[PDB]
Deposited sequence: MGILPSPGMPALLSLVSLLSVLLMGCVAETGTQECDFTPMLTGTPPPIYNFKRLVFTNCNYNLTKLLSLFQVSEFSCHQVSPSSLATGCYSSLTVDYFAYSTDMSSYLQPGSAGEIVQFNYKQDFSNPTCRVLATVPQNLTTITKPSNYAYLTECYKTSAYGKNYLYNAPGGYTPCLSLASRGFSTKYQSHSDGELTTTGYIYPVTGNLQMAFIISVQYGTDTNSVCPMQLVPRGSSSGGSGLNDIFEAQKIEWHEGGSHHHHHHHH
């Protein structure tokens, strides 16, 4: 039996700090038909060839997708330290993974366009001695997710719960919608096969 990539083809893709994760097990997947629906701009895979990803039996498959501008590709790379890799999303390289940056074409009408591209610029605790920053675990969520869920109306707007403080940066989306996918494979490994 196969599995549907329809949940990632409907609705408005979430922002980077609130990315959406799909887990697939015991499915006959077709990756060649998924990337054909997008205008793939970048495909960089670690510990697996881009062609080698499409074939082979894995124990589990994971897809973390969010809305992310392609010109910010340099801030999502390994070895780069910044707000994106610390307060928003830190890729886990323990398992074979690939990162895809693709632009949604006009044909895809089931994907709604979010009003703005948004991310976090800081997430910390405050004390008389300064700021104690909080950093994401590889593949995990920011501790300031509950505060960020209130939404940001302007750039560098901050939300505070008395202990945690978070700041958000937003900017309007121009043209088509640019999306980011992180595909991780985990190795019984006969569950998920092409």
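- Residues of the deposited sequence that lack C-alpha coordinates fall in the stretches 1-32, 220-221, 229-267.
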